[PDB]
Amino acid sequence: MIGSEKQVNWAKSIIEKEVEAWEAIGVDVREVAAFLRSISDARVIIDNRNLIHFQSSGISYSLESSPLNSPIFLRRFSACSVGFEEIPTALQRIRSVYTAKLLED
């Protein structure tokens, strides 16, 4: 990850917290975890840390309000990540299985 040691440390801590929030859903979120960990530029993570944050009110609202649903928002990661093109559909799948999970419970 490019950046100063401070920037890289901040950004990696942001990214690991985010991956943990996604993995607390209880469904396959491996495509999202992979994309988040692919981001190459600490400054891009830091500048977007509040927008990408997967909040704690409730999972449904976190899924619906995530800017990872938007190909337009994700343009900003086109030069410093892998798999951004497919991330909106990944969220579609996650929102499906989550819905199904709530139905199956």
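Numbers follow the displayed sequence, beginning with 1.
Comparing 48-56 with 65-73, the higher mean C-alpha B-factor in the PDB entry belongs to 48-56. Look at the mean CA B-factor for 14-22 and for 93-101 in the entry; the higher one is 93-101. When all modelled residues of the chain are sorted by CA temperature factor, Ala79 is found within the highest third. Split the chain's modelled residues into thirds by C-alpha temperature factor. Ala33 is in the middle one. In this PDB entry, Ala42 carries a Cα temperature factor that places it within the lowest third of its chain's modelled residues.
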